[PDB]
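Working notes, beginning with the structure itself.
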Amino acid sequence: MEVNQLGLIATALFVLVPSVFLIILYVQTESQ
Amino acid sequence: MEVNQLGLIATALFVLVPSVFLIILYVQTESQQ
Amino acid sequence: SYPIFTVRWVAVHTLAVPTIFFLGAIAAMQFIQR
Amino acid sequence: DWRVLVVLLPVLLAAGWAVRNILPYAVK
Amino acid sequence: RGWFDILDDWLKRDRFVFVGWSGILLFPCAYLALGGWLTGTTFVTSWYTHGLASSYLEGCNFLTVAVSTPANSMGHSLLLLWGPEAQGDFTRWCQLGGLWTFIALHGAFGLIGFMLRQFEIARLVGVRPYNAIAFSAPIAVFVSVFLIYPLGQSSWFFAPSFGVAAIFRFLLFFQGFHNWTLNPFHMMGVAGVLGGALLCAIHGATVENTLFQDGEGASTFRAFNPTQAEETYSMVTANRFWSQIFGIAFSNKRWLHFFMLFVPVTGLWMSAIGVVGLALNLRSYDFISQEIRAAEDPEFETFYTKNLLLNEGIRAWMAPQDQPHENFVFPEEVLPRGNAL
Amino acid sequence: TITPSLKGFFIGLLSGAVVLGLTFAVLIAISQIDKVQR
Amino acid sequence: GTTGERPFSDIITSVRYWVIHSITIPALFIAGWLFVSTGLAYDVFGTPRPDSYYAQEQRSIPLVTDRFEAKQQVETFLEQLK
Amino acid sequence: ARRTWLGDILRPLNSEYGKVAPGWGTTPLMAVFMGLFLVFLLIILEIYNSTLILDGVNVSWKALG
Amino acid sequence: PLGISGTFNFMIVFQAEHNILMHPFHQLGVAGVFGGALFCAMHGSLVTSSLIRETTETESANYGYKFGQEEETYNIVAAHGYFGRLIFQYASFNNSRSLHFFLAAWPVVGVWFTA
Amino acid sequence: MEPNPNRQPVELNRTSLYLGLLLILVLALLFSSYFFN
Amino acid sequence: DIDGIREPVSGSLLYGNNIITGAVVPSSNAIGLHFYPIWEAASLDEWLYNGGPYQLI
Amino acid sequence: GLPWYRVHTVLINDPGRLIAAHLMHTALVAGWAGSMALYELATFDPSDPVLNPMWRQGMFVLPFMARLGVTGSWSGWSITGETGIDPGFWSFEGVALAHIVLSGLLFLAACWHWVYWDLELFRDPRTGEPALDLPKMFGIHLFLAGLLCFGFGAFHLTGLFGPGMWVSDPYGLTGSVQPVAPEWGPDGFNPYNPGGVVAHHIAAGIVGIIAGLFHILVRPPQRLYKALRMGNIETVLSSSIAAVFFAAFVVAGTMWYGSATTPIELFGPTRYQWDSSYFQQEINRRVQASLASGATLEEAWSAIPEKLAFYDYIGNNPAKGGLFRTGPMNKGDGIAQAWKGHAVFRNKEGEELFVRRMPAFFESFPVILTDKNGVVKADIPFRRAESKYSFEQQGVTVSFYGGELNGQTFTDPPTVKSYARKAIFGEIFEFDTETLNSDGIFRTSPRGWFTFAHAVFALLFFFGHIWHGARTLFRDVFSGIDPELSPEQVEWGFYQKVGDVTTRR
Amino acid sequence: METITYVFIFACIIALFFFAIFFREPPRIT
Ligand code: CLA
Ligand code: CLA
Ligand code: CLA
Ligand code: CLA
Ligand SMILES: CCCCCCCCCCCCCCCC(=O)OC[C@H](COP(=O)(O)OC[C@@H](O)CO)OC(=O)CCCCCCCCCCCCCCC
Ligand SMILES: CC1=C(/C=C/C(C)=C/C=C/C(C)=C/C=C/C=C(C)/C=C/C=C(C)/C=C/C2=C(C)CCCC2(C)C)C(C)(C)CCC1
Ligand SMILES: CC1=C(/C=C/C(C)=C/C=C/C(C)=C/C=C/C=C(C)/C=C/C=C(C)/C=C/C2=C(C)CCCC2(C)C)C(C)(C)CCC1
Ligand SMILES: CCCCCCCCCCCCCCCCCC(=O)O
Ligand SMILES: [Fe+2]
């Protein structure tokens with residue numbers, strides 16, 4: 001299918017960036 | 001130029017995934033002390 | 001009381017002896033003409 | 001052939017001379 | 001108190017040249033690798049394998065002598081003295097390139113021997129074995145360049161020959177055929193070797209210029225006692241200097257000396273991996289996107305396209321003589337040439 | 001059947017055994033004469 | 001700080017050392033010389049003499065092209081000169 | 001620690017930690033097999049290499065019939 | 001050129017016009033740079049080998065050095081005793097000032113020549 | 001059943017972060033040309 | 001035009017280069033060893049074609 | 001706390017969670033396999049095993065499934081080109097699904113073993129400290145490895161109970177899965193003899209059963225136990241890595257040179273087949289045989305199977321790729337459609353000429369035409385002004401026999417030069433460059449990519465061997481050397497034997 | 001897209017230099 005090339009990077013970062021944000025906050029909560 | 005289309009995401013993840021791993025480890029180190 | 005023949009003695013001569021011989025052969029080589 | 005003993009005589013004479021000069025102190 | 005333990009005693013005695021169990025592998029192989037090279041560079045031709053003179057006997061000097069690789073027709077034969085090719089004739093063995101495998105294989109086992117010596121002496125003396133670990137980099141380079149690489153190609157013929165100028169030709173072959181300079185594993189290797197030399201010079205300089213005054217003489221070497229407890233130079237002043245000169249400096253003497261191990265060892269390992277790829281002609285020869293643009297657009301020129309023209313010159317001009325078994329005959333008119341030259 | 005190269009193989013096998021065996025013979029001799037004192 | 005062997009500086013300043021080694025050293029140098037001046041080194045090692053790289057009217061390398069006839073091939077080439 | 005039915009059945013198989021045969025035990029015999037295997041690996045290597053050539057052993061694709 | 005591939009162009013054309021590989025001052029340069037990488041790794045491996053135990057297995061050995069401490073952090077006599085035996089005694093330094101000067105001099109001089 | 005006694009905290013100091021980010025970024029700057037090709 | 005033969009060489013990322021192939025290209029052979037500051041050029045366009053940044057840098 | 005490069009050392013004395021980690025690793029590996037198969041199935045074109053086989057398509061796990069007897073899809077196709085077959089459950093799809101189910105089950109067992117780490121099974125009964133009796137574990141696992149090795153040779157490969165394995169003729173034309181009988185003679189060590197692979201697994205499996213039994217029942221000598229620190233699980237890691245890197249060098253080599261277990265119909269040809277003109281010799285053989293029995297030229301070349309012509313083409317030589325030229329070979333020269341036929345060049349005197357073939361070393365190569373005695377007779381010149389051998393001057397013509405261009409002749413010089421340029425690559429093929437948007441630059445095959453990965457991993461694992469071996473033999477000084485090392489022990493001559501404090505003088 | 005990527009990575013390296021110099025772990029004597 002002739003989808004949008006940048007769709008993959010947009011979906012990848014949409015997931016990656018905010019998820020990583022939460023993981024960073026969660027992990028540094030446990031280690032204190 | 002006619003560059004490889006997956007070069008971009010290859011590069012973005014090559015930067016992002018290892019960098020994020022170090023950031024996680026650093027921040028939870030700093031909040032131990 | 002020092003020994004003469006040692007592992008050291010052997011290791012030295014093992015290099016020194018063929019080196020002088022080769023030096024001699026190479027020196028003879030400078031007088032070779034075509 | 002003959003060139004082999006010509007190449008070999010200084011070696012053996014050298015070993016000879018060195019054997020008979022060091023022999024007293026090697027026996028000790 | 002059996003024979004093994006009596007023999008252990010004798011191998012591990014403290015003598016001018018330590019022997020050890022590892023000496024049984026090391027010392028014959030080191031000496032035969034060394035002996036072979038001096039023998040071949042003095043007396044042995046490369047006429048029948050390469051069409052080359054390569055000994056002092058034949059007229060070559062230190063820069064042009066080599067123990068050259070066997071002919072391409074030998075494939076990857078071990079070329080054992082008693083093997084099907086030489087059939088025990090020492091003279092023929094020499095003319096077919098037997099001293100190349102002899103030197104390569106004994107050298108390989110000697111390198112194992114030397115690394116085992118590092119382990120052996122380290123265990124007896126009670127230090128950690130990081131010098132052995134560091135030596136893995138030279139081993140990787142040797143086996144990757146002298147053994148893996150030609151095993152991926154047609155024959156031993158294309159390994160390096162053991163000679164100053166023959167190695168120079170190896171350098172240029174890799175440029176022309178593999179475009180090896182464009183390879184990021186080689187680039188990491190360069191950074192590691194040049195970074196190593198940097199770190200060597202800058203650490204030596206720093207220490208010698210942050211010395212404490214510990215005697216009265218103008219020569220500061222005398223004022224060090226090898227069993228003093230005190231550091232002999234000021235880490236604090238060195239750290240301030242580089243902080244204000246360069247922005248960052250070392251503060252941990254252990255990290256510093258670990259980093260000096262890490263930089264060149266890693267670089268060599270990285271270059272080794274690139275060479276493994278070149279065994280298979282898996283090069284970083286080209287950038288596809290530049291070639292598509294350049295093919296369509298004759299006004300597009302980069303330093304990248306300029307270097308490939310150079311490579312093309314190298315191949316066409318050196319191949320007939322460097323690969324004589326191929327019987328390349330290139331008429332004057334097929335040779336690539338710029339104007340006038 | 002028993003080809004030249006297999007004959008040569010045994011030749012290299014025996015040559016090597018001689019070399020290793022002669023070498024260990026000598027090292028065992030020397031170690032026995034020149035012991036350490038404990 | 002020594003392991004028992006005689007010091008080198010002590011050995012090579014000694015008369016006996018030089019009494020032995022002023023014979024051995026020239027003898028080896030002469031032997032290696034004779035290895036070359038006699039022409040023996042050519043024959044042992046198989047190295048071409050200045051006149052035996054090519055046949056008279058030949059400008060082709062005598063290149064070994066066979067793995068298992070290699071030995072024979074070299075010998076065939078050498079005949080082309082005798 | 002936790003006991004389980006499978007743990008009890010396997011238990012004897014993890015119960016001789018540290019047990020050694022005295023001295024050199026079977027070391028001489030082990031070295032005999034190490035020697036045999038070396039020669040055996042040599043032969044395999046020199047066949048693949050065409051250093052060792054055997055009758056009716058054509059080290060070629062044309063040995064696929 | 002101020003570029004990565006331009007650097008290579010420069011090297012190649014320099015080799016055709018000057019045969020730099022056959023020039024002794026470049027060969028000393030290679031000896032300076034190869035030798036410096038070698039001595040870099042040696043000196044780093046020798047010091048690391050002879051660190052004095054100051055930490056447990058669960059922590060970087062590096063926390064055994066505290067910036068500005070007075071005592072040395074490794075045992076140079078154990079390093080010298082290791083390296084002296086690996087080669088022979090008088091091929092290994094016991095003087096740290098001579099050692100570090102040697103580390104400075106080798107690559108500096110080899111690069112002077114190549115320059 | 002008790003808590004597992006083999007756990008340990010893990011650490012990464014600020015300098016190690018700086019060194020690690022620098023490695024990754026430089027590695028990325030070197031290989032990106034080859035990924036785009 | 002590094003070699004002064006009106007054969008311009010593209011060095012920059014925006015003109016089709018990557019990190020590995022890019023360069024600031026040496027000044028023109030037509031210039032030789034002549035000093036080529038900006039103010040000796042008729043225009044910045046001229047200075048750019050002829051390699052003036054290399055000298056400044 | 002722990003540095004980042006040591007986080008997994010927390011398992012060294014925790015057999016439960018060690019098993020948990022090994023299960024998760026095993027889950028991930030088997031998950032990979034299943035995902036890789038499903039991806040290859042979704043992109044594989046099964047419709048032309050002759051000119052678009054799996055190895056032109058960038059397929060990596062498919063040939064390993066086919067090598068042991070999985071050859072068909074639930075979809076009805078097989079890789080040998082038969083159609084309407086029914087593969088039963090062990091299709092490519094079913095194998096992929098099995099690995100995925102296996103992966104999920106391993107994952108759950110990993111969870112259980114992580115939570116219930118404190119099993120009494122792992123405790124030494126006399127001390128209550130966790131302990132693993134490595135020597136006996138070695139015998140158990142070795143015995144099991146022997147049974148499996150034996151069973152795989154004796155049942156799967158023989159077809160006694162299982163499908164056998166991929167075998168082919170020497171030119172990769174007629175491959176199938178067949179039961180193989182063991183070759184018990186010395187030819188069983190011939191790497192190209194499929195029967196030796198059978199005899200190997202049988203005989204080695206019996207040796208493995210026997211050795212396993214010895215290691216279950218005989219305790220290690222005290223001398224060896226102490227030398228190799230056999231109470232330390234990290235010595236197993238050290239020796240296991242060494243065995244694992246030895247194995248990786250072997251599979252790299254046999255993939256590159258070829259053996260009975262790396263058939264060319266699953267991985268493509270080897271570079272050595274181009275170097276020795278292996279398929280070209282066979283092709284000329286068949287044509288001469290046709291000609292001597294009264295076939296015409298057109299007839300003799302028309303009988304050449306296209307599959308054999310395709311092997312005689314440098315595009316399929318795995319030593320013609322690049323590290324960063326990605327994807328399937330078809331992305332380079334295109335999807336091959338048809339053999340165009342065999343080009344024959346003649347000069348104006350009716351002499352047959354021969355294009356000098358590109359050697360694998362050269363990214364580019366000049367176009368040089370020789371006579372049967374190797375003498376240059378035409379070329380494509382670089383400098384025109386002093387050319388003697390241009391196609392124009394020598395009147396070079398090309399004629400095609402067999403294939404899509406059979407019986408046609410071209411004489412206008414630029415067309416003839418065009419086919420001469422292709423002829424340096426061996427036999428000439430029609431490609432579809434449009435469907436994959438092929439860029440025209442040669443890529444390596446799965447033979448090359450596998451050899452490259454495995455040789456590199458092998459070398460890296462050598463270093464892991466060295467590291468973990470060092471850590472085992474020097475565990476006591478890992479954290480630094482003794483801070484009471486008195487200088488008499490490392491100074492010269494104090495001791496007769498280096499390190500032995502009882503040899504003081 | 002490739003140009004933006006190269007300049008982005010370069011720009012992050014410069015930012016990192018700023019942080020590594022001015023927001024370093026200060027070295028403290030013992
Ligand atoms: C530690 C020493 C050492 C080592 C590792 C090697 C290793 C090697 N040498 Mg070198 N060599 C050595 C010392 C050594 N050499 C010495 C001292 C000399 C001078 C005397 C030479 C002279 C030499 C030559 C001239 C050549 C080699 C070659 C080789 C290679 C082939 C070896 C081979 O096939 O062995 C095969 C033999 C064995 C592996 C023997 C193993 C013994 C096993 C364990 C038992 C055998 C049982 C026995 C046969 C039965 C006895 C029978 C009795 C009961 C009647 C290999 C790289 C060849 C080479 O480089 O080719 C290019 C070659 O031509 N070597
Ligand atoms: C019921 C078990 C089972 C079965 C039948 C299969 C079957 C298959 N797998 Mg799967 N696999 C399994 C479990 C299983 N798998 C598990 C548990 C995992 C996770 C680790 C995987 C991971 C996996 C991968 C990653 C891949 C497969 C693939 C395959 C296929 C090819 C297998 C092959 O080439 O073996 C290769 C055989 C070997 C590597 C054996 C060499 C073993 C060494 C030499 C032995 C070491 C020495 C020994 C210990 C000591 C010597 C003893 C001696 C004296 C006897 C085949 C369809 C391939 C495929 O096509 O996937 C779609 C593939 O790429 N499998
Ligand atoms: C042994 C491993 C292996 C091998 C040999 C192959 C082989 C192949 N794969 Mg498969 N694959 C594998 C593992 C493997 N795969 C795994 C693990 C995955 C999941 C990620 C895949 C996913 C996959 C997909 C999705 C596709 C393939 C495809 C292909 C084909 C083309 C590959 C290509 O272009 O490579 C390119 C290789 C490179 C560009 C090399 C990059 C490696 C870089 C240089 C290393 C990183 C540098 C490192 C950071 C160094 C610094 C460290 C140090 C300083 C500390 C080929 C048959 C393609 C195909 O044709 O499918 C049909 C395809 O589309 N593969
Ligand atoms: C069977 C293989 C195997 C196993 C089980 C281990 C296990 C171990 N190693 Mg060893 N090692 C191996 C192979 C192996 N290693 C190899 C091949 C090398 C050479 C490259 C090394 C080099 C090595 C060093 C130098 C060190 C260890 C250390 C360790 C210990 C801590 C590891 C850790 O916490 O990592 C934590 C690692 C991470 C958090 C991230 C690493 C990510 C890497 C850079 C890339 C990712 C790879 C990819 C995701 C998956 C692999 C794909 C492919 C390999 C299959 C642990 C006992 C450490 C040690 O001894 O501590 C006491 C240590 O310092 N290992
Ligand atoms: C550029 C190199 C400089 C690095 C050295 C750093 C300083 C070292 C010395 C510090 C104090 C010096 C005191 C002055 C003393 C001095 O500097 O040392 C010179 C030394 C003199 O020692 P003697 O034993 O003669 O006497 C003891 C003396 O120390 C008393 O004056 O002689 C040698 O060491 C010669 C070695 C060649 C021996 C050849 C043996 C053959 C080698 C064996 C095969 C190789 C080994 C195999 C390994 C794999
Ligand atoms: C191979 C072989 C073998 C072996 C052999 C040997 C072991 C040999 C040796 C040899 C040797 C052992 C030799 C040596 C030589 C040397 C030389 C030739 C040297 C030279 C030197 C020089 C020339 C130098 C100079 C100088 C300078 C330049 C500067 C400073 C000073 C001086 C003086 C140092 C055998 C028998 C087994 C048999 C088989 C084969
Ligand atoms: C849970 C469960 C389940 C499910 C399952 C699943 C869903 C699975 C999946 C899984 C999977 C799906 C997995 C996969 C995986 C993957 C992997 C693991 C991969 C890896 C990768 C890698 C590691 C890579 C690397 C690299 C890169 C990236 C680049 C190049 C180089 C290299 C290759 C190195 C069931 C239902 C059964 C049942 C119940 C339970
Ligand atoms: C493992 C230790 C390696 C020791 C092996 C060294 C080899 C000793 C040299 C043997 C060379 C003599 C054989 C030449 C005669 C062979 C004649 C023939 O091919 O039939
Ligand atoms: Fe230092």
Side-chain angles (χ1 to χ4, degrees), chain C residues 7-16, chain E residues 15-20 22-32 34 80-90 93 102 105-106 109-110 113-114 117-118 121 199-200 203-204 206-208 226 231-233 235 250 253-254 256-257 260, chain F residues 4-23, chain G residues 1-3 5-13 71, chain H residues 38 42, chain I residues 35 39-40 43-44 46-48 72-74 76 79-80 83-100 102-103 105-106, chain L residues 492:
Chain C
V7 168
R8 189 181 82 191
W9 188 94
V10 175
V12 171
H13 286 72
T14 251
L15 302 168
Chain E
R15 28 167 83 90
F16 194 90
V17 183
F18 183 89
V19 179
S22 66
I24 300 167
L25 192 61
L26 167 55
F27 276 122
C29 292
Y31 183 70
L32 260 31
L34 202 79
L80 310 179
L81 178 48
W82 57 87
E85 307 95 351
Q87 316 172 18
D89 185 322
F90 175 82
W93 183 67
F102 174 88
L105 298 169
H106 285 96
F109 286 103
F114 190 81
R117 173 179 188 91
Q118 292 171 306
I121 291 181
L199 285 173
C200 190
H203 177 57
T206 301
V207 163
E208 284 302 284
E231 68 173 340
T232 199
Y233 67 93
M235 181 77 24
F250 287 99
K253 232 155 167 326
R254 289 172 175 222
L256 193 158
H257 284 92
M260 299 178 67
Chain F
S5 64
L6 182 60
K7 180 146 194 171
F9 178 85
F10 288 131
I11 287 168
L13 207 43
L14 259 321
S15 304
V18 168
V19 160
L20 292 156
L22 206 166
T23 292
Chain G
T2 172
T3 41
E5 302 91 344
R6 193 179 169 207
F8 281 106
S9 52
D10 210 273
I11 295 174
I12 54 94
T13 60
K71 177 160 186 309
Chain H
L38 172 51
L42 259 168
Chain I
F39 303 144
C40 189
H43 176 65
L46 288 180
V47 172
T48 299
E72 261 301 336
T73 199
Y74 72 111
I76 185 175
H80 172 61
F83 186 54
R85 295 191 165 79
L86 172 86
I87 314 312
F88 52 83
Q89 183 180 9
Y90 309 107
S92 176
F93 299 88
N94 56 72
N95 183 329
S96 182
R97 301 184 164 205
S98 303
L99 163 61
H100 286 91
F102 179 77
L103 299 175
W106 187 275
Chain L
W492 275 265

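All chains are named by letter (A, B, ...) in the order of the sequence lines, taking the proteins before the strands, and each is independently numbered beginning at 1. Counting starts at 1 for both ligands and their atoms, following the listed order.
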*Looking at ligand 5, does any of its N/O atoms fall within less than 3.5 Å of an N/O of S9(G)?*
yes

_Any N or O of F8(G) closer than 3.5 Å to N or O of ligand 5_ = yes

Subset of ligand 5 atoms that lie under 4.0 Å from at least one heavy atom of [X]:
X: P7(G); result: 24 (O), 25 (O), 26 (O)
X: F93(I); result: 4 (C), 6 (C)
X: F88(I); result: 34 (O), 36 (C)
X: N94(I); result: 10 (C), 11 (C)

Identity and separation of the nearest protein heavy atom to [atom]:
atom: atom 43 (C) of ligand 5; answer: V17(E) CG2, 3.9 Å
atom: atom 40 (C) of ligand 5; answer: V12(C) CG2, 4.1 Å
atom: atom 44 (C) of ligand 5; answer: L15(C) CD1, 4.6 Å
atom: atom 48 (C) of ligand 5; answer: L86(I) O, 3.8 Å
atom: atom 1 (C) of ligand 5; answer: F102(I) CE1, 4.2 Å

Keeping the roles fixed (side chain from [X], backbone from [Y]), state whether a donor-acceptor pair exists under 3.5 Å.
X: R117(E); Y: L86(I); result: yes
X: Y74(I); Y: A79(I); result: no
X: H100(I); Y: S96(I); result: yes
X: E5(G); Y: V7(C); result: no
X: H106(E); Y: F102(E); result: yes

*asked:* Whether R8(C) engages the ring of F8(G) as a cation-pi pair (distance to the six-membered ring centre under 6.0 angstrom, angle to the ring normal within 45°) should be assessed.
replied: yes

_Would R6(G) and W9(C) count as a cation-pi pair here, with the cationic atom under 6.0 angstrom from the ring centre and within 45° of the axis?_
no

*Under 2.8 Å from the Fe ion (ligand 9), which protein N, O or S atoms are there? Could you list them by chain and number?*
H203(E) NE2, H257(E) NE2, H43(I) NE2, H100(I) NE2

Is at least one protein non-hydrogen atom found at under 4.0 angstrom from [atom]?
atom: atom 34 (O) of ligand 5; result: yes
atom: atom 4 (C) of ligand 5; result: yes
atom: atom 9 (C) of ligand 5; result: yes
atom: atom 21 (C) of ligand 5; result: no
atom: atom 26 (O) of ligand 5; result: yes
atom: atom 14 (C) of ligand 5; result: no

*Do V17(E) and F27(E) come close enough that some side-chain heavy atom pair is under 4.5 Å?*
yes

*Does a side-chain heavy-atom distance below 4.5 Å link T206(E) with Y233(E)?*
no

_Residue list, ring-ring contact (aromatic ring centres under 6.0 Å, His included) with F114(E), at least two apart or on another chain_ = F135(E)

*asked:* Test of understanding: with ring-ring contact (aromatic ring centres under 6.0 Å, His included), list the residues that count as partners of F88(I), not counting sequence neighbours.
replied: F16(E)

If I compare all heavy atoms of [X] with all of [Y], which pair ends up nearest, and what's the gap?
X: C29(E); Y: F109(E); value: SG-CB, 3.9 Å
X: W492(L); Y: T3(G); value: CD1-CG2, 3.5 Å
X: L25(E); Y: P28(E); value: O-CD, 3.5 Å
X: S22(E); Y: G113(E); value: CB-O, 3.9 Å

*asked:* If we count only N and O atoms by modelled type, under 3.5 Å, do the side chains of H257(E) and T48(I) hold a donor and an acceptor together?
replied: no

*Examine the proximity of ligand 5 to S92(I) and report which part, side chain or backbone, both or neither, has a heavy atom under 4.0 Å away.*
backbone

*Ignoring hydrogens, just give me the one of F114(E), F27(E), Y90(I) whose non-hydrogen atom is nearest atom 28 (C) of ligand 5.*
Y90(I)

*Select all protein residues for which some heavy-atom-to-ligand 8 distance is less than 4.0 Å, and list them by chain and number.*
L81(E), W82(E), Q87(E), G88(E), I11(F), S15(F), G16(F), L20(F)

